[PDB]
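First, one chain by itself in structure tokens, the form deposited in one PDB entry.
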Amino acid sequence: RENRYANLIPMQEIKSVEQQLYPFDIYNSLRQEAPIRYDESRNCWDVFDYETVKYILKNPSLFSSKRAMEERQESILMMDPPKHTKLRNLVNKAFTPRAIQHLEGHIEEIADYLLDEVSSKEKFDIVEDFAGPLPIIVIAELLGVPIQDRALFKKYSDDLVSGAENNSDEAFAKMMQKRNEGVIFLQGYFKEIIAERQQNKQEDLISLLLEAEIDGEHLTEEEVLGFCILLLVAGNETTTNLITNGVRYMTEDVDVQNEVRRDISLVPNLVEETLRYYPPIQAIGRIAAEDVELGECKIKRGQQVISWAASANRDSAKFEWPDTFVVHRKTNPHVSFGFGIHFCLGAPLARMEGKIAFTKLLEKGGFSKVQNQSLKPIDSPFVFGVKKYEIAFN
């Protein structure tokens, strides 16, 4: 309908598969050429510098999160205050570092179990065998939803972050058909689970959402569904890329792999530097709520504003050694989890999963990438990850 969400449409500067697999040199060039620019092919402003990206994310009154192509903004991701505040306050205490600490041993058990399934494999796909399943199992248990067919839910979860091949009408229609398929299955599935919990509450998050009251009324079914699908998709698609991207970097630069294996206290730094350097989410969308001058650029009420975390994370005004993977950084103020009121609810959980995933792989011993694979980027321009990544223990 040409009101298309620009975060789903690839920039024309990113063309080849090699560029999709490492777009950061191009973002860096764009940031230096013009840190804010209007892309005519996507009808949006792209923002590349750290200070302006942070400013946008910190100013929800100026830059709205209500960017659904449909009329209804369905989950807190797409809500502005005050509604955003009331719904997020329902769940914010479930996801703190203290709230999730008890899961550490259980997540270590899942990781050990998954790596046992590949101990006497020659090589294996880190995505299918480890990085994919682990976050799906964790988020399923937190939501309270059975997910025993992980491949099925992965397929449809992936559909919900898919983008268009280009800005053609046909490409957008193909993308919307994929996303529609994921909506049919995942919405249907959670509708059934919600009905089951309505009939018999359990000790799980879905049941809490059915019990909680906002303004003296229960959540609408649409509101509970929004939580379920957002938590499922955000909880697994990104984390899988965090783990895979870290394994990717550690096999592209074995110096880092060896140093962290030999000083495992560096794993939290490795997690943060993977987020900064290979961010699972490259770009965060907003809609200008009013006219806003960002420098000389005049952004008009209602225009799309795409903030490039992948570029901000390498802005040399903010980061020393921005294009170097450094596991000894004293601070790492990346925007890979966003910033401000929508700051990732799952960040403590993602950090724990990443820490455990990397630790278990490192403690199994040295590992290498299988050479002569043709990596396949995930087909969404706001995601950074590969569909498959084969490694082998030495």
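From 1 onward, residues are counted along the sequence shown. Each form is matched to the other, and the largest set of C-alpha atoms that superpose within 1.5 Å is called the rigid core.
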Of 236 to 244 and 316 to 324, the stretch with the higher mean C-alpha B-factor in the deposited entry is 316 to 324
Assert higher mean C-alpha B factor (217 to 225 or 182 to 190, deposited values) equals 217 to 225
From the entry's CA B-factor values, the highest among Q73, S157, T96, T251 is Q73
From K360, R351, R37, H334, the top C-alpha temperature factor is at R37
Here the Cα B-factor of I26, set against its chain, lands in the third termed middle
Sorting the chain's modelled residues by C-alpha B-factor and splitting them into thirds places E109 in the middle
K364: CA B-factor among chain residues, third -> highest
Entry-reported C-alpha B-factor of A289 relative to its chain, by third, is highest
Temperature factor at the Cα of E196, chain-ranked in thirds, falls in the lowest
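What comes next is about the form deposited in another entry, which does not appear here.
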Shifting its Cα by 2 Å or more between the shown form and the other one with the rigid core aligned, the only one of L294, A289, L208, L115 is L208
Please determine whether the C-alpha atom of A34 is displaced by 2 Å or more between the shown form and the other one following superposition on the rigid core. no
* After fitting the core, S157 CA displacement of 2 Å or more between the shown form and the other one -> yes
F185 C-alpha moves between the shown form and the other one by 2 Å or more, core aligned
yes
A change of 3 Å or more separates this form from the other: in the other entry, the C-alpha atoms of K123 and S162 are closer
With a difference of at least 3 Å, the CA distance of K83 and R72 in the other entry shows the atoms farther
